[PDB]
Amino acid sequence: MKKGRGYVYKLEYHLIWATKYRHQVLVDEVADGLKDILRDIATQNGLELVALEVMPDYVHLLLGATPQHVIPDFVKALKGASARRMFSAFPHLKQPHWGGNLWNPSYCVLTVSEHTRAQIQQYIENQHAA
């Protein structure tokens, strides 16, 4: 637990989103680049990137935050800045055929539970892969 001015807290969010059409582009050096980019962005927004997993068609972050952090703001920051920086580092991801890959417009945000793994699998499976 961390202490702020008038409060004590420990706040972690699982945050998940997919590539467009679940195109399997987050591989090898691209996946490696995205990890670095996400670590930077988290830090730059005053978040702790507790854990991260990058699958070929999705990302799963575990973020430590403060009460004052607003989920939609930092989701937008993470998704938007990551898309920008990835397109700069990897121009090949600019593929209008695939809506430009980065990213499916949706996100999934979950606090910790015994069902997290299943929740994430459900969520990703509900994103259709055309």
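From 1 onward, residues are counted along the sequence shown.
Mean CA temperature factor is higher for 95-103 when stretches 23-31 and 95-103 are set side by side in the entry. Annotation for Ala118: C-alpha temperature factor in the highest third relative to the rest of the modelled chain, per the entry.
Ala89: CA B factor in the lowest third of modelled residues in this chain (values from the PDB entry).
In this PDB entry, the Cα temperature factor of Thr43 sits in the top third of its chain's modelled residues, the highest group. Per the deposited record, the Cα B-factor of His69 falls in the lowest third when ranked against the other modelled residues of its chain.
Annotation for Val59: CA B-factor lies in the highest third of the chain's modelled residues.
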